[PDB]
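Please read the structure below before turning to the comments.
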Amino acid sequence: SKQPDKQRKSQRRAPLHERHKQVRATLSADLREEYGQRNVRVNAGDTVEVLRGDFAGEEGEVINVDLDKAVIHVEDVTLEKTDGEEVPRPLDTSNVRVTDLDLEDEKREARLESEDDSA
Amino acid sequence: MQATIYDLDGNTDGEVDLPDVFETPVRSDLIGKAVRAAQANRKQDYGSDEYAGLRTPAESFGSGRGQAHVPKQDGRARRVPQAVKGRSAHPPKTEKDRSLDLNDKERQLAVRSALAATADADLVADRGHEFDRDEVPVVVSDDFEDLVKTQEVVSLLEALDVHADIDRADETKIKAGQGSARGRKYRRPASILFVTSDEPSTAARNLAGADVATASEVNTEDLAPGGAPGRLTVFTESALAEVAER
Amino acid sequence: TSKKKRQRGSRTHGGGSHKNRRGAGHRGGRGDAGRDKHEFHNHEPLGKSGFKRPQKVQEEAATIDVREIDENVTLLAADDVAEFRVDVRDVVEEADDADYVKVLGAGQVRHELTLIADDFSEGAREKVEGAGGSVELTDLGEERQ
Amino acid sequence: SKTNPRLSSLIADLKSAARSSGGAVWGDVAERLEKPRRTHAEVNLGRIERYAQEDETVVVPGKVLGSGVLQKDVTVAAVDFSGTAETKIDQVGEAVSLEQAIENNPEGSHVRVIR
RNA sequence: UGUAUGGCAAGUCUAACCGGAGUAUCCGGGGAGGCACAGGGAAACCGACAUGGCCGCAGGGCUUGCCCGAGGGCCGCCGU
RNA sequence: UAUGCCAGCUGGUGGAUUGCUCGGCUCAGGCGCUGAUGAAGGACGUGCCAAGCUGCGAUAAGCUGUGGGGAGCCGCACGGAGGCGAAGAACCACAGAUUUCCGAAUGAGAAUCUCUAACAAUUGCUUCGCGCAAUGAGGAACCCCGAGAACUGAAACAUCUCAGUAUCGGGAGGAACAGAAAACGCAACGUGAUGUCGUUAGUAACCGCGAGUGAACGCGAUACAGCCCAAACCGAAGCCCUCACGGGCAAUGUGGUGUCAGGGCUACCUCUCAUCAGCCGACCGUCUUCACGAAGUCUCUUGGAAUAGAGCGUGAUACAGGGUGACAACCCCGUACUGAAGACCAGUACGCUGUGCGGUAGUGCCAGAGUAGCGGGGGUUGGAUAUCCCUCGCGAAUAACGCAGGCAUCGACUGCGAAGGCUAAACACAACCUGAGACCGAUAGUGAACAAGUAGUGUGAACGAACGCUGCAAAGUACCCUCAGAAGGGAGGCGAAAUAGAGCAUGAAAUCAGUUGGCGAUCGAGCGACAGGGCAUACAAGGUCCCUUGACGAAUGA
Ligand SMILES: [Cl-]
Ligand SMILES: [Cl-]
Ligand SMILES: [Cl-]
Ligand SMILES: [Mg+2]
Ligand SMILES: [Mg+2]
Ligand SMILES: [Mg+2]
Ligand SMILES: [Mg+2]
Ligand SMILES: [Mg+2]
Ligand SMILES: [Mg+2]
Ligand SMILES: [Mg+2]
Ligand SMILES: [Mg+2]
Ligand SMILES: [Mg+2]
Ligand SMILES: [Mg+2]
Ligand SMILES: [Mg+2]
Ligand SMILES: [Mg+2]
Ligand code: NA
Ligand code: NA
Ligand code: NA
Ligand code: NA
Ligand code: NA
Ligand code: NA
Ligand code: NA
Ligand code: NA
Ligand code: NA
Ligand code: NA
Ligand code: NA
Ligand code: NA
Ligand code: NA
Ligand code: NA
Ligand code: NA
Ligand code: NA
Ligand code: NA
Ligand code: NA
Ligand code: NA
Ligand SMILES: [Sr+2]
Ligand SMILES: [Sr+2]
Ligand SMILES: [Sr+2]
Ligand SMILES: [Sr+2]
Ligand SMILES: [Sr+2]
Ligand SMILES: [Sr+2]
Ligand SMILES: [Sr+2]
Ligand SMILES: [Sr+2]
Ligand SMILES: [Sr+2]
Ligand SMILES: [Sr+2]
Ligand SMILES: [Sr+2]
Ligand SMILES: [Sr+2]
Ligand SMILES: [Sr+2]
Ligand SMILES: [Sr+2]
Ligand SMILES: [Sr+2]
Ligand SMILES: [Sr+2]
Ligand SMILES: [Sr+2]
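Residue numbers (full-length UniProt numbering), protein chains in the order written: chain A, 2 to 120; chain B, 1 to 246; chain C, 2 to 84, 90 to 151; chain D, 2 to 116.
Have a look at this one:
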C-alpha cells in the first residue's frame, strides 16, 4: 500500500515470478530508441555497465541472475578472498545499465519488439 | 473593491468586482479553532487491548515468605501495573470521543474570515509565500479548467510572477522521530490553492505543495492550512462569484 | 499550566494524607447512600408528595403575553389591518402539538388590537378593551360555561 | 486571556483615548471589557428607550440585542450588535461601533453608559 | 454543577439520517426533539411591573457645589 | 608506605540509551458457512544428506489440464554432491488426481492399534432389501430457546441490588429473531406489518418509597412487501418413485376453490393486469486481483559508497509509499490516467408465461377450545388493580358473535378478528480478505517481532517464559610461528571501520582489573553546605587574579 512496513513486506515475501521485476535495469540510448522501453529484466547472456558502485565505469557480461536474493553477478566485478581466490561481488540491477542484449530466446525477442507487452 | 481578471497567457483580460466576503475581519482565533476541529475530527480511535496483562491466574502468597504482596505465577510477577508484562494502569481507550463539535455559524464565519485573509497582500507574505505581486488573490478566467498539462500551468504561473512559491514548496523535510516508522517520513510546505468551479484542477494538483479545490466545498483548511491565514489562492471567475454565497 | 499538570512530585495530589483517597469510606457510602443518617443535610425529607393525572388527560396550553403581540405589530403586517385584526393562533409557534391557544395579559398595549384566540384571561381583556379594541373568541373556545 | 484579537485592539484603542485625550469613559469601558464575558453588557432596546436621551450618545460595554421597541433618535455605541438590533436602531437612529466613537469623540463627552 | 473563552441572541443547537465530494476529513441538507421564552397549585385551575416612589456607585452634564444618575440598594404594586 | 578511601584513565563485565522494524494494538470497508462424497483437529509418515518449521500423503516440499509467467530453478535455509529447464521449468490463477491412520467416527474392540462383511444408532420413504434418504461433529464472535449464581451496592442486612450478569444444557445461519393487527388510542374526519438508528426520557412506572430499577404510543430517520391454509361449496378431477411396465399414497379427503379489499352457494353488470406458481435474468455499484505507465542515473568537490553540496537539465491527470553502499518525482517496484477478470450485489430488479382483479342483491352455509375468561400458588416486568410466563382448579360464545381502547360491571362509541401458517430488505459478529493510524517500538506492544502456546511445570483440569541488529560486499581472516590442540595466543590478511570478527550497530549505571592525581598504618563516625589554605591540571568550550599607591567613601568610628 503506502505504509513502509507493508511495502518492504511485499518486496521480500514476493512469489518467484514476481521477483522478476526486482531484477530490472535501465536500457541504453540506442536500446531505448529501438524497443520502446526504458528498462528490461537482466538476463544471463546480457552485457552491462556499472553506474554506482566502486566498480562504476566498468563493463562486463552478466554471469548470473539470482531471483531469490534479487541480485546479479557480472564478469570481472570480483573480490579477492583470503586464500587469493577471486569470488564475485553481488550487484544491484538498479545500479546497472544494459549496453547489449541477448535475443537467443524467440519469446523475449517477441515481447520486446511488441509495443503492447513489456519485457 | 476591484479584482483584475487574467487570461491563459498572463495578460489582463478585463476586471470584475471582488465580493463583500473579502472585507470580513481576519480572525485567526476563529480560523485556528475551525482547523483544529477539522484535524481532530479525522483522527482514528486507538487503544490497547482491554485484557492485556490480565490473561493470567496470578495470585499473591500473603505475608510469610519474606516478599512483597505482588500477584505471582511460576515465580514471575504478573498483572499489576508495576510488574513487567503487567497491565497498563490508565491506558489509551477506544471508548474515547476524539471528536470536536463546532457550531455551524462559527465554522462558516471562519471560512469567510480565512477567505478574506486571501485579499491582503501583506498577510500572504507573512504566512510565508514567496511571490512578487501587488494584487492578491490571483484571478484567472474560466478557460483555466480546460488545461490538461501541468507544464503549461507552470508557464502561466511563471508569467504571473507567482512561481517562486512552488520553488519554495519543492524542498522536503525528513521528519525527526518515529513518525518515520508509520508512513509519515516526509513533509513539505503548503503552497498555492487552485479553486475552480466544476471539477478540481487535474492539471495543477501535482505541483509541489499545491492543494486543489472547488468553491462549493473549499474549507478553512484549504484557505488557511494549519490555522495559519493567508494562502496564495487562485480563483476561476465563476469560483470568485460562487464563493461569495458561503 | 493546569492544576493536574503541576501534581507530579506532590505525592498526595491535594488529598491530604495518603490514608484519605481510598474506597467508599472517604465518600461516606456509594452514590446517594446515608441519605437519612449522617448525610440528611441538603436532602429532601423521606416520603411521597401529591399525585399525577394520566398524561393523555393532561392539557398543555400555548402561552403568549399581550406585550409580545404589541411589540411586534409593525413587524407583523402579513396579518389583517383594520381601523389591527390578528389571529393569535397563527402567531404562536408550537401551535400544532398544543391543546388550545391562551392569551395572557402581561405588559402594556399601546395599540388597538382585534384578537382572535381560544381562551383569554380577565387581564388580557381589560388591557385590550381599555386601549380601544375587541376580543373575539374562536369556535373551539366555546367550552366556557 | 482574551482569545479575540480585535477585542484586544478595541481595548488598546479605548486605553489610548483615555490617556492621549480627555476621556474618563473609554477607560472605564475598557476596564469592564477586560472583566469576563459573563459580566459584559447584554442589553436589549427596551432599556435604551427607557433610559437614553436624544443628542446624548449611548455607550454599552458589551453587546446590544433586539427585544422591545425603540422610538427615540439615539446614537447607540457597543462592541457588537445583533442583526435585529442594528435593523431596529437604523430604523429610528444610528448603530455605531465603539471603534468609531473613539475617533468621533476622543474626549468622551455627552455620553450615557447603559447596561 | 461552577469557571475561562467564543459564536449566535429572544432565541439557540441539531440527532439519526439524505446529497455532494477532494470519499472516516470535508460542503450542503436535516430543527425530530432539547434548553430558554411566566409562574403558583397535589389537582382542578388561574395567570404577572416593555417601571410608580425613595436613596445612590460608576459615568455624563454645569455657570465646579448643583444636576442626569445605567448597574446597584430600600419600598411599593402585580400573578398564584 | 602495606590493608585502604575519593575522583579519573585504559581495558572488561553489563546491556541501558539513541537509531531501526519481519511484530503487535485499534479502527474501517469486503466477505462469511463446513461435515457420513468421513469435516474440523490429531497421529504417523514424506527430502540425496533433513533435527525444527512449512508443505505434502505410500503418486507424500509433490502428479494432470487450461491461462498467466519466463530463464531461470530444486521452501524456511547462502551446504556439498547431483539434478531439472527452449519438449518452455520455477512461480501464479482456476479446474482435477492422489490423499496413510486416529478422528462425529458409523461392522466390532483399542491410549492413533487389532479383529471375522457392515449407513453403528435413531428416524422417514419404501421394491420391506440399508433399496433411496436424514441426523450426529466443527466454527472468533454474533443469533435463537432453555438453566441460572455470589462476591458487590444498600455504608450492617433479609425484600431490592449486583443481574437474567457469570457459568451451564439445546439449536440454526451467513446473519440470526421478528412480521402483515382480535393493533395504536398525540380519541381522531387520525396512524396502518417487522426490525434498527435518533428522540420521546431518566419521562410514565417501581421500589425496606431507600439504594436503586425504567418502558411505551408519537416523532424524525434506514429499508420497504406482501402472502398461504383450516372450513364452507366441489369430491379422486390428486401426489410420490420409475426410461418404461409397474409400484406407493389418498374418501380418517389428495387435488379445486377460498383466506376481512370475509369467503362460499343462488341471480345478474363488468372485467382481469391484483395475486400464486414458473421461465428469463442484468445494467450501476462495491470489493479484491491484473495489464499499461512520463522524466538524468550528466559536470566538479567530499566520500568506502552520491540518494550530499554547487552547476546544468527533466516529467508531472504521475511530488502516496518502498528499494537502492547517505536527504531520489526523472536508478528500480510503483503512483495518475485508461483498460481487463472474478466475487458480491443477485436467481434480485426489469421484462416475459399462465392465472384472473372487481361490483350488485339474496342466504343465521363457513371462519382454528381446555382456547377467551375466572379463581388459588409461584416467578418476572416499569407495568402501577392496568407486564409477560409456568403451575393446580374451573370454564364460554359462534359474526345476529367475539377481543380490545392501562380498575372492575353495564350501555354507547371507536378499533380489531385470537386460539393455523409463510415471508425479501434496512441492524449483530469479525473467522476471512484488503486498507488505515497525533497507538506501541523489543522489560513496550499480544503470552508470543526469535523454537510461541516453543522450552519448560503439574497425575490432571490447567500453568508457561526468555531470546530482534556483522558488512556496501563474507571480502566470514591464506600463509608462518606456538601449543597436546579445527582451541586459544602471536604475527599476518580483508574492510572506511575488526574497540564491525560471529548474541559481531551504538555500548550508560552498578561493578572488576591495571593505572594516574590526592589522602594515608596516633587516630573518630549522615559522608556534606558555606569560607578559606596544600597539592594536581595539554588544547577547546571560561579569562581573570595579587601587591605599592591614589579616587570614591554607607551604618559605624578612634
Ligand atoms: Cl398532572
Ligand atoms: Cl434587556
Ligand atoms: Cl397515529
Ligand atoms: Mg516492448
Ligand atoms: Mg505489558
Ligand atoms: Mg515480551
Ligand atoms: Mg526519540
Ligand atoms: Mg471403529
Ligand atoms: Mg454491604
Ligand atoms: Mg426483582
Ligand atoms: Mg437503610
Ligand atoms: Mg430489573
Ligand atoms: Mg403506548
Ligand atoms: Mg388454494
Ligand atoms: Mg558490538
Ligand atoms: Na497466559
Ligand atoms: Na525482599
Ligand atoms: Na470513539
Ligand atoms: Na491517597
Ligand atoms: Na404532533
Ligand atoms: Na424545533
Ligand atoms: Na469470508
Ligand atoms: Na448418513
Ligand atoms: Na529438516
Ligand atoms: Na488435499
Ligand atoms: Na432399510
Ligand atoms: Na458498607
Ligand atoms: Na457483614
Ligand atoms: Na425495598
Ligand atoms: Na540504485
Ligand atoms: Na416478566
Ligand atoms: Na393463572
Ligand atoms: Na385497541
Ligand atoms: Na529482548
Ligand atoms: Sr525463495
Ligand atoms: Sr532465501
Ligand atoms: Sr501472620
Ligand atoms: Sr483536591
Ligand atoms: Sr433520620
Ligand atoms: Sr414541533
Ligand atoms: Sr442550526
Ligand atoms: Sr431597580
Ligand atoms: Sr441437528
Ligand atoms: Sr410499508
Ligand atoms: Sr378466524
Ligand atoms: Sr373504564
Ligand atoms: Sr531483556
Ligand atoms: Sr499439583
Ligand atoms: Sr591482528
Ligand atoms: Sr564523641
Ligand atoms: Sr565620610
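Note that CB positions come from ideal geometry on N, CA and C, so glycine has one too.
ask   = Closer than 8 Å, CB to CB, is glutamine 4/A near chain B or not?
value = yes
ask   = What residues of chain C sit near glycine 84/D, judged by a beta carbon separation below 9 Å?
value = Near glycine 84/D there are no residues of chain C at all, since even the closest Cβ is about 14 Å away, more than 9 Å.
query = Alpha carbon to alpha carbon, what distance is there between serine 11/A and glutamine 178/B?
reply = 22 Å
task = Quick one: give me the first and last residue of the alpha helix (DSSP H) that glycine 32/B is part of.
result = 28 to 39
query = From this set, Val75/A, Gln4/A, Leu68/A and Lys70/A, which residue's C-alpha is nearest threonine 100/A's C-alpha?
reply = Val75/A
key: Per-residue DSSP class, three states only, for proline 225/B   = helix
inquiry  = For a quick check, are the C-beta atoms of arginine 107/B and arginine 7/D less than 8 Å apart?
reply    = no
query = Got a sec? Which residues, its chain only, sit under 7 Å from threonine 56/B by beta carbon, not counting five neighbours each side?
reply = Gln73, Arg78 and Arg79
key: Interface residues of chain D facing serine 28/B [CB-CB closer than 9 Å]   = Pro6
ask   = Is the CB-CB distance between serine 191/B and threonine 214/B below 8 Å?
value = no
key: Span of the alpha helix (DSSP H) around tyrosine 106/C   = That residue, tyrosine 106/C, is in no alpha helix (DSSP H); it is neither H nor E in DSSP.
query = Quick one, which of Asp145/C, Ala130/C, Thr144/C and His14/C has its alpha-carbon nearest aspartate 71/C's?
reply = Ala130/C
message = Could you tell me the alpha carbon to alpha carbon distance between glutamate 145/B and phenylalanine 235/B, rounded to whole angstroms?
response = 11 Å
query = If the cut is a Cβ gap below 8 Å, which residues of chain C does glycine 69/D touch?
reply = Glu72
inquiry  = Quick check on the burial criterion: 16 or more other C-beta atoms within 10 angstroms. Buried or exposed for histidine 163/B?
reply    = buried
message = Taking the straight line between their C-alpha atoms, what separation do you get for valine 154/B and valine 148/B?
response = 12 Å
ask   = Are the region 205 to 220 of chain B and the region 34 to 47 of chain B touching by the rule of at least three beta carbon pairs closer than 8 Å?
value = yes
Residues near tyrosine 6/B in its chain [Cβ-Cβ closer than 8 Å; skip 5 each side] = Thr12, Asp13, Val138, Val139, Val140, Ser141 and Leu160
query = Can we say the region 104 to 124 of chain C touches the region 62 to 71 of chain C, given the rule of at least three CB pairs closer than 8 Å?
reply = yes
key: Residues whose Cβ lies closer than 6 Å to any heavy atom of ligand 17, in chain order   = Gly66/B and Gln67/B
query = At what residues does the alpha helix (DSSP H) containing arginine 25/A begin and finish?
reply = Here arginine 25/A belongs to no alpha helix (DSSP H); instead the beta strand (DSSP E) covers 25 to 28.
ask   = Can you tell me whether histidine 90/B is buried or exposed, with buried defined as 16 or more other CB within 10 angstroms of its CB?
value = exposed
ask   = So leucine 71/D and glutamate 50/D are in contact, right, with Cβ under 8 Å, and what is the actual spacing, rounded?
value = 5 Å
task = Indicate the three-state DSSP secondary structure (helix, strand or coil) for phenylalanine 41/C in the structure shown.
result = coil
inquiry  = For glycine 128/B, tell me which candidate among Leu156/B, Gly64/B and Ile166/B has the shortest Cα-Cα distance.
reply    = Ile166/B
ask   = In angstroms, rounded to a whole number, what distance separates the CA positions of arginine 36/C and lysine 20/C?
value = 25 Å
query = Is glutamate 81/A helix, strand or coil by DSSP?
reply = strand
query = Just curious, the alpha helix (DSSP H) that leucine 121/C is in, first and last residue?
reply = First-last for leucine 121/C: 120 to 123, but that is the beta strand (DSSP E), not the alpha helix (DSSP H).
message = Between the region 15 to 27 of chain B and the region 70 to 90 of chain A, can you find at least three pairs of beta-carbon atoms closer than 8 Å?
response = no
inquiry  = So, at 6 Å on beta carbons, what are the nonlocal neighbours of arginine 20/D in its own chain, with the 5 sequence-adjacent residues on each side left out?
reply    = none
ask   = Mind pulling the chain A residues with CB within less than 7 Å of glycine 179/B?
value = In chain order: nothing, as chain A lies at least about 11 Å away.
request  = Check the Cβ-Cβ distances between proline 25/B and every residue of chain D, and say whether any is below 8 Å.
outcome  = yes
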